[PDB]
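Comments concern the structure below.
What follows draws every value from the coordinates through simple rules; no lab data is involved. Because the Cβ atoms are built from the backbone with ideal geometry, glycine has one as well, and the counts that use them run over all protein chains shown.
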Amino acid sequence: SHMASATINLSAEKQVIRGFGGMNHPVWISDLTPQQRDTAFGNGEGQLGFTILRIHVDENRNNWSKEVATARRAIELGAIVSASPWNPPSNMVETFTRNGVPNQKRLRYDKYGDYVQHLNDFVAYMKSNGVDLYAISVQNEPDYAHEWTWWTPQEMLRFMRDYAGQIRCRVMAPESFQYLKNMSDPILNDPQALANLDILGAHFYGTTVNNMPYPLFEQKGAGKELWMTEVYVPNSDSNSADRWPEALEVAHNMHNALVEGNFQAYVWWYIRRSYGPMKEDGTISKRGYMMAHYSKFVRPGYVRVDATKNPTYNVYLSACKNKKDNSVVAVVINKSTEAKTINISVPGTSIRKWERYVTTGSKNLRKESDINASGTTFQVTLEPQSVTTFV
Ligand SMILES: N[C@@H](Cc1c[nH]c[nH+]1)C(=O)O
């Protein structure tokens, strides 16, 4: 009557979750402190439970040592590390005019081999320092490189087809600023380039929900991972990270990445920033608690399953299964100003009790009363303007 229904189908397995996290950049900003590394990558009370660290590949190898402390610590705490370059070493770059704008940067065509060696050198250096990179990217935002190095779709294709097989690591590409398919379609449509791809990386700046599905990747991307490797939402406004109900957009963007995009990873920009998941004082922001609803509970290796995604207006549901014991983690967002009651059917489960943690404008991951199932149905109530994780 006033009650919507949802079904979680534990037998309809979607993508395996790789993880959640954010960026460290100890050259552009201050490195994470030891305390901040634990807060980010630990999963104790008051910690974010991140499992992915993104770092940059500096054009100047003399900066590489600055990455090590944080990356080692992340790995020790159970995270994986991916690395993205913004520019090649300046001796490999040339200028050109793009769309009438002069003095734009690209990798010299005669330096693609030397660029592979630069990337391989970084991989080797980090490995020598106890940082076995999960992946390394060809280029950060090759299609939004006003302030860095541009690659056209065909330049990226040439590198992926003719060079990237020499990289001694998983290769990530193309990290389009907005997941523009023109950057990635040529890779997926060329068998050698596709063979040399390991992770399709994408950013989400201005990416609408209708542009989150990718039919070509569904068709040709078997064995390749799909990662959303950078965003901040809904803005990078100074001191915005505790704004409420604005922060609910973070949860909604993550729900969309997972359910509308089938993404296996979701990685914020700077971990510690006034608009990020960790505030400058080292404590978790409202935006951070939005991330934590997923990161603390949907651990690497869980598998997303089919679940009614939008059971009623302003309510969004995702579900992931732990294949070790077929338990489920459900993250449910209520953006409504009204409370919502959902009958969530989980056919075939032997689970009969969920614990729940709730964030609103006035509390953070507050543990609330357990939900006891009637048979295989869990009736939940969602406070106005809230996110709840059921576990
Ligand atoms: N986060 C990007 C900047 C950006 C905003 N929008 C697109 N790109 C960077 O710092 O490299």
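Quick notes
- The HN-Hα couplings worked out from phi for the range 336-345 by the Karplus form 6.51 cos²θ - 1.76 cosθ + 1.60 (θ = phi - 60°) are 6, 6, 10, 6, 10, 10, 10, 8, 9, 8 Hz, whole numbers, x standing for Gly and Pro.
- Near the amide H of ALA4, within less than 5 Å, lie the amide hydrogens of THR341, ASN343, all on another chain or at least 5 residues away, with H placed in the peptide plane.
- Partner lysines for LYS286 [C-alpha distance under 25 Å; skip if fewer than 8 residues away on the same chain]: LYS296, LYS309, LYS335, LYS340, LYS363, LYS367
- Kirkwood Rh (inverse of mean 1/r, distinct Cα pairs), the range 25-98, angstrom: 13.7 Å
- Semi-axis lengths (Å, descending) of the ellipsoid that matches the C-alpha gyration tensor of the range 342-386: 23, 11, 7
- For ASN310, nonlocal amide neighbours, meaning residues 5 or more places apart or on other chains whose placed amide H falls under 5 Å from its own, are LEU317.
- Expected 222 nm ellipticity per residue - DSSP helices of 4 or more, -39500 (n - 2.57), all of the chain, to 500: -6500 deg cm²/dmol
- Table column - 3J(HN,Hα) (Hz), the range 136-141, Karplus curve with 6.51, -1.76, 1.60, x for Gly and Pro: 9, 9, 6, 6, 6, 6
- Least to most buried among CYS320, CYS169 (fewest other Cβ within 10 Å first): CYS169, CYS320
- Cα gyration tensor of the range 1-151 - equivalent ellipsoid semi-axes, whole Å, descending: 34, 23, 15
- Karplus (6.51, -1.76, 1.60) ³J(HN,Hα), θ = phi - 60°, over the range 260-273, in Hz, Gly and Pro reported as x: 8, x, 6, 5, 8, 9, 9, 10, 5, 6, 3, 4, 10, 5
- Mean-position separation - Cα centroids, the range 2-26 and the range 359-391, in angstrom: 17 Å
- Most mobile listed residue (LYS324, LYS111, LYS340) in the chain, GNM with C-alpha springs under 10 Å: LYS324
- Within the range 97-138, all pairs of alpha-carbon atoms sorted by distance into 10 Å bins from zero give the percentages 24, 35, 26, 13, 2.
- Electrostatic bookkeeping for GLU76 treats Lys and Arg as +1 and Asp and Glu as -1; over the other residues with beta carbon under 11 Å from its beta carbon, the sum is +2.
- With the simple model of a label 7 Å out from the Cα in the direction of the Cβ, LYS127 to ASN103 spans 4.0 nm.
- Distance between the range 290-329 and the range 253-275 - C-alpha centres, whole angstrom: 14 Å
- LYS14 long-range amide H proximity, modeled H, under 5 Å: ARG304, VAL305, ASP306
- Over 35 Å [Cα-Cα, the range 18-300], rounded percent: 13 percent
- Ordered by the number of other Cβ atoms lying within 10 Å of each residue's own Cβ, fewest first, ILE333, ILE80 fall into the sequence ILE80, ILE333.
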